[PDB]
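Here the structure is laid out as structure tokens; the discussion comes afterwards.
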Amino acid sequence: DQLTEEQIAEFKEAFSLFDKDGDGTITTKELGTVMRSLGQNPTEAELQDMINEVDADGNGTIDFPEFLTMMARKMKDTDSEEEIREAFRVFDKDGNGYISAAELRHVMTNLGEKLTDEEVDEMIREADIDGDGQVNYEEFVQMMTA
Amino acid sequence: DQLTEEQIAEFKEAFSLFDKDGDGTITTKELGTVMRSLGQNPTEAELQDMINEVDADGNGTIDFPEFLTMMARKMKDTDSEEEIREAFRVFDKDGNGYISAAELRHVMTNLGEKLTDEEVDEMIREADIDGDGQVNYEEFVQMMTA
Amino acid sequence: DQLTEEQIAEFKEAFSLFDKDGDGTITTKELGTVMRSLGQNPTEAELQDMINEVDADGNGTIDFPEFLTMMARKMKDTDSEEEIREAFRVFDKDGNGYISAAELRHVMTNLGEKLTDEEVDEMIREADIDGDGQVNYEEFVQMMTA
Amino acid sequence: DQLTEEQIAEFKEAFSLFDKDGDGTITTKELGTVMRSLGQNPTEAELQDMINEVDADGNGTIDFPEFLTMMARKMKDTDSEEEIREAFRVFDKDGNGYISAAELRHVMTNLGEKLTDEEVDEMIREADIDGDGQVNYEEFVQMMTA
Amino acid sequence: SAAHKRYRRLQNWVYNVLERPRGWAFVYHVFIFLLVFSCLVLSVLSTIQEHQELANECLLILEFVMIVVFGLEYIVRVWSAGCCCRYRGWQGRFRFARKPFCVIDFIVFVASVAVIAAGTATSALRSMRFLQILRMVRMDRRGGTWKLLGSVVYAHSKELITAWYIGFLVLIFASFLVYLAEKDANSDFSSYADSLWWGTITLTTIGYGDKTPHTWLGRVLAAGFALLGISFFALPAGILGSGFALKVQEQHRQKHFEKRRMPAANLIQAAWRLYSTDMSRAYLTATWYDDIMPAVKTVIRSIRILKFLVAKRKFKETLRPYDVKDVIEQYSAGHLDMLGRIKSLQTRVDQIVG
Amino acid sequence: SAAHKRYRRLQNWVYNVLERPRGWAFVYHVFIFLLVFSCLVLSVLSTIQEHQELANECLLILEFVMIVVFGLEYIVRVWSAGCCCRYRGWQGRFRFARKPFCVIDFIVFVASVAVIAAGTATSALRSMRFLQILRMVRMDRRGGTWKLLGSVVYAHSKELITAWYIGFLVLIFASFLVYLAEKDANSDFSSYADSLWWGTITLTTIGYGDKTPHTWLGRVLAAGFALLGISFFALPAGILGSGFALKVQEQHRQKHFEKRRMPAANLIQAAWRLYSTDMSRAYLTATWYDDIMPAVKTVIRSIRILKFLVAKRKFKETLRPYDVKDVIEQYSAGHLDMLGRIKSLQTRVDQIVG
Amino acid sequence: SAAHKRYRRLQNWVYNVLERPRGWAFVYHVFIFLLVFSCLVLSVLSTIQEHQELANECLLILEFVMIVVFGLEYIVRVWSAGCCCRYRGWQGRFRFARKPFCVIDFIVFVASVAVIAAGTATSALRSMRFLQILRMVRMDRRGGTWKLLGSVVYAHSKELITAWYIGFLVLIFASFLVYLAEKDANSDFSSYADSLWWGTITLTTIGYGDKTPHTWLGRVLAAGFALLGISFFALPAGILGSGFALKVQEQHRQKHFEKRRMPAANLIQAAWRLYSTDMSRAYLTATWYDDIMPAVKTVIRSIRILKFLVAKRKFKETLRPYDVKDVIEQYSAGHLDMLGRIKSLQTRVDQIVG
Amino acid sequence: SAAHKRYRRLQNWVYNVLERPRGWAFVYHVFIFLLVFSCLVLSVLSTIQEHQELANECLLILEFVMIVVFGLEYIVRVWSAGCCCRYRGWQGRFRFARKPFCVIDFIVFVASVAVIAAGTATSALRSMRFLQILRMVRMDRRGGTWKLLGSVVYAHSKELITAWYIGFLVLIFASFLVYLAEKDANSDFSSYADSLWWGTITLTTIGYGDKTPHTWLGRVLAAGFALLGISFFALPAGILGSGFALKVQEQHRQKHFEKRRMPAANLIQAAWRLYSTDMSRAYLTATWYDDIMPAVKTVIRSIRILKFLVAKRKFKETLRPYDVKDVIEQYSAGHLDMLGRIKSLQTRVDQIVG
Ligand SMILES: O=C1N(c2ccccc2)c2ccccc2C1(Cc1ccncc1)Cc1ccncc1
Ligand SMILES: [K+]
Ligand SMILES: [K+]
Ligand SMILES: [K+]
């Protein structure tokens, strides 16, 4: 999946929605302004955490090379596949790489940034559930890392 | 003490005082409303704990089968006899199955949901107190579990 | 020092200043009222602690037999001599039964219910201080327990 | 560097700016008044700590002999050389007696009573920095203790 | 029934000294153990040839006294069981004898008496003396010792296995190396198995002296491998010892907390209040005399049953241990309640003055 | 694909019992250890001369059974690997066999079969029996034992070194002193090296009996130096034992906390939300049908990627341990928030009334 | 009485170096211990036959020096007792000698002198030398060692009993099994008692070499049961060691708290204030000169007695240890006081503005 | 002075690898220790008679290589000392050689060379080989090992003394009792001293086999007293082991806190600010050019000296450990500040509205 030049131009056009002034950088102001226009309400500390994940210069900005790297990579990297698989394993006590559909539903809608019923319905539909009702989450992780 | 059909009908008539709408369920609203009409003042968390002790479906209700089971059983089960006997043993340091009348009186009127003087007077009258003033609480437990 | 009958009558006359009603008992009301008339200001919890030290019946009162016992005994008992001597030993690191005049002065005026300068001056005058400036506190304890 | 009599007279003239009344002592009032006239704002607890460092009599004052001793000594004593060198060693993990110019800059401007940029610029200029960018702080300590 | 009072009190006393005695009551238990241990030692010494006569002399008397004392104690205990209400009348007595260890004792006693009677296959009647040791194993109520040891062993399984594994490897290696060196000069190390016997008897620090290295190369190798592996063969004792000590200390730590308290006291109260619904003078009034609206009293009873069940649960839960994060939880509760109080002030100031 | 369901389920079951055994799965592993160990002991006893015949008799049968069982298990495991998706098709199978320990096993099996075949340099074919022990060393997944031992040894290095150092000094000194005393009377202590051999074999508490002091001066010196240094030569075991026990307890202390929780659950959610940006029915509407303003959806995806990366980090961090200073931190946060609340009241009172 | 000052100071100094010494004072005690121990060793060596002469030679001189030194020290200590006020005048001196260990010493000294005098039943006069060891047992003030050991043993009784029980069982079993195997080939294992002797001497790791297994079956059985039970026979040392270490650490933890403080200081103050009621210049005024209303001063004294008794109790309580739940208690007190403060604000706002 | 840069950097590097080795620097140190150990063992083996020739053969070469290497290292280190400023010029070099261990090394080297030269009282020149062990003792910088051992021993003195005391008593008693039993039958126990030798060699678990009980009474007594006292003679190892482990853990606990921090950073700042009073461009202005009112700048310097002295003290204090009662102290400070804030609100409400 070599990154092509047209794909780079489409990332550039998204990057320019944040950096409307043409300064080549995205700060918490530019990021948070676009987000709130869509009806999101991040906090300042959440905007700083987000920028810090890709800001190698440590000056509180995202530049286009950092933006392009994040967009090209998504979740395809091996670190993402391993950590997501480690998160499922927290809820796999048997150690057999399986989790019950009903147990997945409980964790997704009752912990963390809970999924809505419709979100979790789409998630269980997308996993090829076995007839017992058990989900092989390691093949679920490869579908999100492909 | 086979549960008879007339006994079931009397439980049903009590159950219907809670569930006046005929919905077949008792929630915190129905339970707490009957209780406060008698001048009791449970909290919401106390009403939830009470319903949770018999709510197998986990949906916050008591249905008639659960109500009937609780009413038929009272304290006659072996779990109740053992736990009540374990509670007395907390206050039996000798380990001989005895507790002093005066020590029972102190614990009943000074700890927990304290008994009034008249309540504790009736309780000590009902235990066949020995001439020393010592109470054999394991036969006291069988009278409450009979 | 056999307790004589005239000594008993003088204790009775003091006891009657507290128990002005002739009820034969001293409660926190009677004790605290006499104390505040002299310009003292004990708290309620301090009045309860004081009465509790001599109230064997545990009903929150001092009767004349308890009052007479306390007055006849003062500090002459062996428990008092031992505990006072143990308190000095807290400040005797050498373990030789000595404490410096200057160290006694620091502890008396800087810890606890501090002595005034004049109080502590009288206390150091009363101990037969050695020429070095060291106090043999075990003979100081016998003078207060004699 | 024998302390001369003219040097003593110059210390006396500084001492008299604090002790304008001629009482021969510097309290928190005299010390703090001169300091605030120059635009400093010490707290009372900071003025007590400062006086306590040189007040052998423990009465909360500085007299001229104590003032003269502090002024004659500055940082030239062996205790000062050792403790300053121990402070650098906190930030020398290699144990080789070196610290990076950039690491010195981070510690000086980000911890404690942070140096301004201009202060820390003068400090790094004064250390004979090596071509790598590493500072031999033990010879830096001898220049401040000379 | 005053005399009946005294009877029941005595019964309970003896049952306590036998069943679950504490303090001074243990004096009788210590005496029984000494009588059994002496019987054992006498039997063992009887095994010798030179001392057979005097051994049997003393054994006859001791075994007779033992049979009489244990028969008497069995009868007295099966009687004393009468105190507790569970075993009343011959019905309850027999129910008692159904216990496993009680039947074990009865079997042992009958067997001992049968042996002595047959005294008047003598070797088998002898060999059957080892049964006495059951009277010692029985003192362990519900195999407490085995369970404790098993728990502590399982908790540390990883370290124990590591020690045994590394030690076994060092043993194999050192045995081989020493065998290579002493193979010819010394006759002890004739084959590899001999070298292994030496290695075990050496590394364990038993040191019989059966076989020892004679050539200086062997001696240097043995010194090295000893001062290296003797510690491996001695770890299990140290690991298990520290495990036991830490467990004891930590347990003794929980007792100081005394957290369970209040729940046991409340359970008895909810049980009494439920029970008294059906017998209290509070319900023996014209008002309560049930004929027109029976459900009212039934509803009141249903509420007391629900509260009883809440109290029984809270009581069972107290046994479970609690974390040290409670302080954070009380600060969270305290802060939240106070922050809500400042809000209620703020809203009222904004309501009146605006 | 129901039958395919059953196939895959069985495959996963066997792979679990082999690769990650738990509970009853460990029973099969214990049997394999019993087989390897019996083969080893039989070989060793075969080394003896008097028992060579019966040893080889039993060894033939046992070795044949061993070869068959281990070949079968190897084939079954390399098949069962099919469950996990990583190794699918012969491509994935071969990728599996690339593992180090799998190739080690295959080598050992082929070698054993070649030995038995050559059975029909016999001494070398014998000596090659020691290879079986690899089937035991392989049970240690990733040298866990060695790593644990190394960690605990390194943490205590200072005390161990102190013990060994002082012990060595005491040994040198006591050996010299005793040699001085027994030099002439006793023939054992002919030279200094002999005295050193004695000193080691005594201070370690092995005590062969090879050499012992004969003159009373030597005996008093040995008693003194023993009751002084025997404790030094036994410290390492005690130190390491307490170290292991404390480490186990403290670890078991971390498990109660269950601090990591929430982060793992949120990571799966941020990953699902990011993934569903490109397939959800939420984006299959006329509104989203991309042609006029593609960047809007790209910007929405870029935000979900950033949140996913925040959740992955918070999830990875949970593994790291946390200090007990959190309570101070919550008080600092709680006090600061409340002090700021009283300020906001004060400013509003001063605004309205002044 | 300046010279009397110096006299009393010297007296107190010597009494301190005798009754309870610190630092350099312990040097004298070490010298006394060396003297007693040398006397003991000389006596033991005198027991031998070949060394009787030189032994008695040295023993005469050493025993004479010992008698003189200990007589002198006894006299000096019974004099130095004069420092403390309890024992003043011959009355108090005799009261002193009533102590148990003082009379024990006097008896031992008189007996030693009588023995030496009789020197000019010689075997009994010899045997009476063992009495010196009392001069060592006396150093233990109030059997501190025995009490410490007893406490720590009782606290761990369960684990100790488990270890001894399981070890005894393993010993019985392994001894029986090995006896079965070596019964015929080896002559050592003639009877069961011999096998038991072997089992003990092995499992304890003493390993005399008296009896060892000769047949390979016996050797394998012994290796197994050893590598299984040697750890059981070595637990008590590990358990007790960890117990002692943990107890020491935890105690040293209590000292850092320094909780008792304030109570001891306040007790002296309440005692002085009570005492001064009857001698202070504050009461030597015309106002207080008692004739018209004696009860007023008596009432003031009664109040000081009650406060003294409160201070004595609070002082005795400080010795008792305190829990780590105090922080929860201070938060409860702090929250309650603050919540009551916001209520008092709320009521006043509602009073004025309404 | 670029080349001078490289020179000084190399100098510092070598001085670091020699004086304070860390990481890979220890590789050189291990080689030096291995070479020293090889020399000792060769000498010892030279002591034997049968191996004297080959021993001296190898010893000649090894000793020569040793002398050359250590001379070279001495010269290189005394040169490398040049890095630190303390020892510059021959003045500073000589100041360096004044160190104790440096002169010790020079003496040892000169002595070794003199011995080899005299090679061309030969027995004394031999005996002087033991000096090498100083090159091992020197590795302990400032007797760290001795100090650690002494601290841990002193902290536990009470338990150690109890163990030794009770063990000694049990030894005396058991020896006497066994002697009474074996006195006649067995020839080993000829006198009491023999019984004591046996008792020590048994209770310590050495077990030479020299003397063992032969009569069954003696065997039973020995079994009892062994299974009673062997644990006493093994306590010191367990106590000291747990002590060391606990100390290590608790220390490793203090490092996690990282409390000292901020003070060291502030000290450098106060020192720089004081120093810069006399050289900063901030004071090189017409305004500061001192002629009219010199005291103003002197007063400013006096203030910086006082602040420097406060920072030096706070820095020295950080080294001292801190208690876990700080949380109570922060609540006390936080509550007091907040309670004072509600008072300031209350007073202002009462001022305006009244
Ligand atoms: O840290 C501890 N506490 C504790 C900490 C924060 C708040 C409350 C309590 C605690 C309480 C009772 C006994 C022992 C402890 C320890 C250690 C300690 C340290 C200094 N002085 C006394 C003790 C160990 C511990 C750690 C982790 N889990 C359990 C125990
Ligand atoms: K041993
Ligand atoms: K041994
Ligand atoms: K031996």
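The listed protein sequences derive, respectively, from chains A, B, C, D, E, F, G and H.
With full-length UniProt numbering applied, the first sequence closes on residue 148, and no number is skipped along the way.
With full-length UniProt numbering applied, the second sequence closes on residue 148, and no number is skipped along the way.
With full-length UniProt numbering applied, the third sequence closes on residue 148, and no number is skipped along the way.
With full-length UniProt numbering applied, the fourth sequence closes on residue 148, and no number is skipped along the way.
Numbers 74 to 193, 199 to 367, 524 to 588, taken from full-length UniProt numbering, label the letters of the fifth sequence in order.
Numbers 74 to 193, 199 to 367, 524 to 588, taken from full-length UniProt numbering, label the letters of the sixth sequence in order.
Numbers 74 to 193, 199 to 367, 524 to 588, taken from full-length UniProt numbering, label the letters of the seventh sequence in order.
Numbers 74 to 193, 199 to 367, 524 to 588, taken from full-length UniProt numbering, label the letters of the eighth sequence in order.
Yeah, the Cβ is synthetic: ideal placement off N, Cα and C, and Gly gets one too.
Quiz item: Does the pairing of the stretch 358-366 of chain E with the stretch 303-321 of chain E give three or more beta-carbon distances under 8 Å?
Solution: No, they do not touch.
Exercise. Output yes or no for whether 8 Å exceeds the beta carbon distance between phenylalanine 310/H and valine 248/H.
Key: With respect to the 8 Å criterion, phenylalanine 310/H and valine 248/H are classified as neighbours on the basis of their beta carbons.
Quiz item: Counting only beta-carbon atoms, is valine 561/H nearer than 8 Å to chain G?
Solution: Under the Cβ criterion of 8 Å, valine 561/H is counted among the residues facing chain G.
Quiz item: What residues from the stretch 289-320 of chain F come within 8 Å of chain G, judged by C-beta to C-beta, listed N to C?
Solution: Taking 8 Å as the Cβ-Cβ cut-off against chain G, the residues of the stretch 289-320 of chain F that qualify are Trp294, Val298, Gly316, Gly319 and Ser320.
Practice problem: Answer yes or no: the CB of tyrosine 286/F versus the heavy atoms of ligand 4, is any distance below 7 Å? | Solution: Result yes, Cβ under 7 Å from ligand 4.
Self-check item: Nearest-angstrom Cα separation, counted from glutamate 12/A out to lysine 531/F
Solution: Roughly 11 Å between the two C-alpha positions.
Self-check item: Coil, strand or helix - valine 587/H by DSSP
Solution: Coil, per DSSP.
Practice problem: Could you pull out every residue in the same chain whose Cβ sits closer than 8 Å to the Cβ of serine 102/C, ignoring the five residues on either side in sequence? | Solution: The answer, listed in chain order, is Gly135, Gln136 and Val137.
Self-check item: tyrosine 243/G - containing alpha helix (DSSP H), residue span
Solution: Counting along the chain, the alpha helix (DSSP H) containing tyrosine 243/G begins and ends at 235-260.
Quiz item: Does DSSP put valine 92/A in a helix, in a strand, or in coil?
Solution: Helix at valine 92/A.
Exercise. Identify the contact partners of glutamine 580/H in chain G, using a Cβ-Cβ distance below 7 Å as the criterion.
Key: Neighbours of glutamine 580/H in chain G, taken as residues at a C-beta separation under 7 Å, are given in chain order as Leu579.
Quiz prompt | heavy atom of ligand 3 below 7 Å from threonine 290/G C-beta | solution = Flag unset: Cβ of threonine 290/G not near ligand 3.
Exercise. Give a yes or no on whether 8 Å exceeds the smallest Cβ distance from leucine 118/E to chain G.
Key: Interface with chain G (8 Å Cβ-Cβ cutoff): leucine 118/E is included.
Quiz item: Is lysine 550/G closer than 8 Å to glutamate 85/C when the C-beta atoms are compared?
Solution: Cβ distance < 8 Å, so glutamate 85/C and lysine 550/G count as in contact.
Quiz item: Can you check whether the CB of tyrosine 270/G is closer than 8 Å to the CB of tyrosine 286/G?
Solution: For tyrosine 286/G and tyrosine 270/G, no; Cβs fall outside 8 Å.
Self-check item: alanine 103/A at chain F interface by Cβ criterion, 8 Å
Solution: No, because no Cβ of chain F sits closer than 8 Å to the Cβ of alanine 103/A.
Practice problem: For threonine 6/B, name the three-state secondary structure that DSSP assigns. | Solution: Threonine 6/B: coil per DSSP, three-state reduction.
Exercise. Using 7 Å as the cut-off, classify the Cβ of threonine 283/E as near or not near the heavy atoms of ligand 3, replying yes or no.
Key: Under cutoff, so the answer is yes.
Self-check item: Beta-carbon neighbours of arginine 547/H, restricted to chain D and to distances below 7 Å
Solution: Residues of chain D with a Cβ closer than 7 Å to the Cβ of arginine 547/H are, in chain order, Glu55.
Quiz item: Does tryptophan 366/G get closer than 8 Å to chain C when you measure Cβ to Cβ?
Solution: False, the Cβ-Cβ gap to chain C never drops below 8 Å.
Quiz item: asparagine 98/D CB to nearest chain H CB: under 8 Å?
Solution: At least one CB atom of chain H sits nearer than 8 Å to the CB of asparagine 98/D.
Quiz item: Just curious, the alpha helix (DSSP H) that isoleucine 211/H is in, first and last residue?
Solution: If you look at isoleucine 211/H, you'll find it isn't in any alpha helix (DSSP H); DSSP assigns it neither H nor E.
Quiz item: When every heavy atom of ligand 1 is checked, does at least one fall within less than 7 Å of the C-beta of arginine 171/E?
Solution: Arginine 171/E Cβ: outside cutoff for every heavy atom of ligand 1.
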